[PDB]
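Below: one structure, written as structure tokens.
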Amino acid sequence: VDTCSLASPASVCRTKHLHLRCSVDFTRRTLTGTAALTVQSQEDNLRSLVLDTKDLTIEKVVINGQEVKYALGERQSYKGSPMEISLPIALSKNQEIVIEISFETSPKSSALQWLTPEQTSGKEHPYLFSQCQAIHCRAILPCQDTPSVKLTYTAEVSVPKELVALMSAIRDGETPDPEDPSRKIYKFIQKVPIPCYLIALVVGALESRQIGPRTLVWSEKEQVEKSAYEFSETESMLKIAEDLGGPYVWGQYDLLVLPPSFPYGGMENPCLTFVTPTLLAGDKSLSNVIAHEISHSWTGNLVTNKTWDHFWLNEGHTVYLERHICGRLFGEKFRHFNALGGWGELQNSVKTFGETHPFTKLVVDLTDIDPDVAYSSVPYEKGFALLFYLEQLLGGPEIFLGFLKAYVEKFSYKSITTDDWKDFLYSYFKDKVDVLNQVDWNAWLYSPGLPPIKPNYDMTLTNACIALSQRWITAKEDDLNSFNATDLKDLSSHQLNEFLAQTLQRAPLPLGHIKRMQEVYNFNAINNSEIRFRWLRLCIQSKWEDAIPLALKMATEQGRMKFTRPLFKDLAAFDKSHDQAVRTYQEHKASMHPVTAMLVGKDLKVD
Ligand SMILES: N[C@H](CO)Cn1nnc(-c2ccc(Oc3ncc(Cl)cc3F)cc2)n1
Ligand SMILES: [Yb+3]
Ligand SMILES: [Yb+3]
Ligand SMILES: [Yb+3]
Ligand SMILES: [Zn+2]
Numbered sequence: 005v006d007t008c009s010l011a012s013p014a015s016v017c018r019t020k021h022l023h024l025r026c027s028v029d030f031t032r033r034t035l036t037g038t039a040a041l042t043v044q045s046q047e048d049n050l051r052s053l054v055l056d057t058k059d060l061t062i063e064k065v066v067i068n069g070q071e072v073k074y075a076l077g078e079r080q081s082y083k084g085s086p087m088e089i090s091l092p093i094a095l096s097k098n099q100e101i102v103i104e105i106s107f108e109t110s111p112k113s114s115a116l117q118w119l120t121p122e123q124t125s126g127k128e129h130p131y132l133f134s135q136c137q138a139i140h141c142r143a144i145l146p147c148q149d150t151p152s153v154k155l156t157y158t159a160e161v162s163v164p165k166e167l168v169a170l171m172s173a174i175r176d177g178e179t180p181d182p183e184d185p186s187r188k189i190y191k192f193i194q195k196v197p198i199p200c201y202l203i204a205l206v207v208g209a210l211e212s213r214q215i216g217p218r219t220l221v222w223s224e225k226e227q228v229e230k231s232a233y234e235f236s237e238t239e240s241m242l243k244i245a246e247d248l249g250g251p252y253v254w255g256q257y258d259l260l261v262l263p264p265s266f267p268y269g270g271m272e273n274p275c276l277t278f279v280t281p282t283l284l285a286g287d288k289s290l291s292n293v294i295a296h297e298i299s300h301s302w303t304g305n306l307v308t309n310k311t312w313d314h315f316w317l318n319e320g321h322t323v324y325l326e327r328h329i330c331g332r333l334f335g336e337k338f339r340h341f342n343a344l345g346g347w348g349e350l351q352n353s354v355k356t357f358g359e360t361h362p363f364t365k366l367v368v369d370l371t372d373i374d375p376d377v378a379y380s381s382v383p384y385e386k387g388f389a390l391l392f393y394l395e396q397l398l399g400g401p402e403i404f405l406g407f408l409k410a411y412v413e414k415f416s417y418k419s420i421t422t423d424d425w426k427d428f429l430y431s432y433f434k435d436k437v438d439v440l441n442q443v444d445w446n447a448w449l450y451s452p453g454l455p456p457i458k459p460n461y462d463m464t465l466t467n468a469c470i471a472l473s474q475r476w477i478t479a480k481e482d483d484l485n486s487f488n489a490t491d492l493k494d495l496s497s498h499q500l501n502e503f504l505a506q507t508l509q510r511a512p513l514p515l516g517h518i519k520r521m522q523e524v525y526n527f528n529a530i531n532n533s534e535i536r537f538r539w540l541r542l543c544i545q546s547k548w549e550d551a552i553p554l555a556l557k558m559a560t561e562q563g564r565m566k567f568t569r570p571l572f573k574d575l576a577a578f579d580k581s582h583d584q585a586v587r588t589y590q591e592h593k594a595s596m597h598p599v600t601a602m603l604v605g606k607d608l609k610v611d
């Protein structure tokens, strides 16, 4: 049972294919077209079925060349409206039919962000991008919006001829639009069955540069060069990910560097990963996000969570693989440094939510919960900590990597629950069931708060971060002059980020300490988005008024929720900036990504 979907479940009928024919209208901010769904009945005498929709205008439903009756139910908040269609003739089990729905999206579609020319790098053309995870595909097209159903897809997208369309599929040609010579139709094909949250679309003045045998980097012209350098390690990471998870089956691995308002660090859209431009640090230091999106080609896109209650299966296994790729490239000490950092981020989330909060559980219950509101680091890091604890318990990385590859092969092209994963883990590790039975499964999977056991981490790279952090925390006014730029000379950007993360966990620090830190370390000059975010949070939480314009600018010049949400919350919690934070949100709200605007509004308690 998928409590986030109002559609007929996979036990009633399954969508096998989607043929999408649509036109992107930038003047009306609409996507208009037909969604032809090939649906297979799973029951005898099937006479109707229900699909998910959200703010879609339905023109008609055609089956067998004739219009059929359909009805839209009452809207159910974030779930949208159910769409029940009456089939013209009763279907037997395993019988397939094609249902073509003529539809149009609302300009306020929660899946899309429509950008005016002024909001782009080039300033001449508008831009459109989608973000369907978790349940926003129903705000683009009528569908069984649940990851328990996997389908293939084809698409034909008509856009103004000067613009380029890309999808989470192999590019299958382009032609001038026969109905309008000012437009082009771009064609796409996704031959691997995917859950519908992996359907993606971008339309903009895009250019590409090849960076590997199976990778093009796409962005607006102004970002192509920087992006090609930033993501040059992509092919090396794909080769390591193939060694760990088995064959890459998607053909192409392209990257799209979105405009700054892209709400996440990355989105593992098959064939075309979407990434935030905030990764463009200039030194490849934020490339673990690419390793994470690459990892999703096995964990998430091949083996998918059956419902959003088992989302930890997607992220925990992906973080586990991501950290192995980064450990293959930079060493086992580095994999331990990243794993220990992840534990610290898990501490932060559990502190923020509270140790008894239902969203700190590994397996969650999203009945009447908007998945967007539930989103946090818990499925990522508590999921990772579980797998890292099992790796140590079961004999090391080489043994657990053998399980991981067999897990991916076992469940490729399927949607699974925590019980399916746990059963396979016990089957694979049959000779270690006595060891597995020592795990407190009820606490690990179903209890809130920090896990009952903390794994063993190598501290080599972390020690200098903890030591410098503790020097600053225990310093008094007469110790401030001992600090100097030389304190950071043997620290990598990762170690500087971990120093700030350790210090931010004990914030606020005295204002004089923060001012001294800017005096000697000049953290205000750092463009690296992770370091700048933590330093600005440290400044605002330590009540430095000078940091208010810097934090407001960072929160609005980009829109990656990881940065924008805590920056606005810190600005709202500081009395000196409270009114400015609320006013800035109000004046930027209309131009923000719809999901980000909703979440910042909830965080700020502004309706
Ligand atoms: N997947 C990308 C990383 O590569 C980044 N990303 N983009 N969108 C999303 C996204 C994921 C889940 C979600 O809802 C849930 N959150 C938490 C839980 Cl325990 C269950 C849920 F259903 C809402 C949004 N994650
Ligand atoms: Yb072709
Ligand atoms: Yb079993
Ligand atoms: Yb002293
Ligand atoms: Zn992920």
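Convert by adding 4 to the 1-based position in the sequence shown; the result is the number in the authors' numbering.
C-beta atoms are modelled at their ideal positions from N, C-alpha and C, and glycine is treated no differently.
Could you say if the stretch 553-570 and the stretch 274-290 meet the contact criterion of at least three C-beta pairs nearer than 8 Å?
yes
Hey, which unbroken runs of the alpha helix (DSSP H) at 4 residues or more fall wholly within the stretch 522-579?
533-545, 551-561, 565-577
DSSP has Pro180 in a bridge; who is on the other side?
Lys188
Less than 7 Å between the beta carbons of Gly346 and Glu385, yes or no?
yes
Can you tell me whether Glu534 is buried or exposed? The criterion is at least 16 other CB atoms within 10 Å of its CB, across all chains shown.
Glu534 comes out buried.
The alpha helix (DSSP H) spanning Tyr450 covers which residue range?
445-450
With contact counted as at least three CB pairs below 8 Å, one residue from each stretch, are the stretch 480-489 and the stretch 509-527 in contact?
Three or more beta-carbon pairs separated by less than 8 Å link the stretch 480-489 to the stretch 509-527, which places the two stretches in contact.
8 Å contact criterion, which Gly255 and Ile139 should meet: CB distance rounded
Contact check for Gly255 and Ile139: beta-carbon distance about 27 Å, past the 8 Å limit, so the pair fails to qualify.
Ordered along the chain, which non-local residues of its own chain (more than five positions away) have a Cβ less than 7 Å from that of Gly216?
In the same chain as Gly216, and ignoring 5 residues on each side of it, the C-beta atoms closer than 7 Å to its own belong to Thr238, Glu239, in chain order.
Can we count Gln137 as close to ligand 1, meaning its CB is less than 6 Å from some heavy atom?
yes
By how many angstroms is the C-alpha of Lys606 removed from the C-alpha of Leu571?
14 Å
May I ask you to check if the CB of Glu319 is nearer than 6 Å to at least one heavy atom of ligand 5?
yes
Taking the alpha-carbon of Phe30 as reference, which of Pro130, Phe341, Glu183, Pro375 has the nearest alpha-carbon?
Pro130
Which residues in the same chain as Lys365 place their Cβ atom closer than 7 Å to its Cβ, once the five residues preceding and following it in sequence are excluded?
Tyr450, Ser451, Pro452
For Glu349 and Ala505, I'd like the C-alpha separation in whole angstroms.
9 Å
Listed in chain order, which residues are found with a beta carbon closer than 5 Å to a heavy atom of ligand 4?
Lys480, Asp482
Determine, using beta carbons only, whether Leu167 and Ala209 come nearer to each other than 7 Å.
Against a cut-off of 7 Å, the Cβ pair of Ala209 and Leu167 comes out as a contact.
Residue closest to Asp59, alpha-carbon to alpha-carbon, out of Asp313, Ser85, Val228, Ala40
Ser85
Would you call the CB atoms of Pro197 and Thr156 closer than 7 Å?
Yes. Within cutoff.
Can you tell me the Cα-Cα spacing of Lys414 and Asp583, whole angstroms?
54 Å
Going along the chain, which residues of its own chain have a beta-carbon closer than 6 Å to the beta-carbon of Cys469, five neighbours each way excluded?
Cβ contact annotation for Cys469 (same chain, cutoff 6 Å, sequence separation greater than five): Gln499, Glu502, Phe503, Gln506, in chain order.
Could you please give me the residues that DSSP links to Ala39 through a beta bridge?
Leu24, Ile105
Rounded separation between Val228 and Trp222 - CA only
7 Å
Nearest by alpha-carbon distance to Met463: which of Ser9, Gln44, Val604, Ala343 is it?
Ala343
Tell me which residues pass a beta-carbon proximity test against ligand 3: closer than 7 Å to any heavy atom, given in chain order.
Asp427, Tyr430, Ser431
Beta-carbon gap between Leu554 and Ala511 smaller than 7 Å:
no
If we count the other Cβ atoms within 10 Å of its Cβ and call it buried at 16 or more, is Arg18 buried or exposed?
buried
From what residue to what residue does the alpha helix (DSSP H) around residue 615 run?
Lying outside 5 to 611, the shown extent of the chain, residue 615 is not represented and no answer is given.
Taking the straight line between their C-alpha atoms, what separation do you get for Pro514 and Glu297?
39 Å
Any heavy atom of ligand 2 inside 6 Å of the beta-carbon of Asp176?
Correct: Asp176 has its Cβ closer than 6 Å to ligand 2.
Out of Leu22, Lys97, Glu319, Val161, which one is the CA nearest neighbour of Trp302?
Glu319
Cβ of residue 617 versus every heavy atom of ligand 5: is any distance shorter than 6 Å?
Past the edges of the chain, shown from 5 to 611, lies residue 617, and the structure says nothing about it.
Which class does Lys493 belong to by DSSP, given the choice of helix, strand or coil?
coil
Any heavy atom of ligand 1 inside 6 Å of the beta-carbon of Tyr450?
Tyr450: no, Cβ never under 6 Å from ligand 1.
If we count the other Cβ atoms within 10 Å of its Cβ and call it buried at 16 or more, is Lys580 buried or exposed?
exposed
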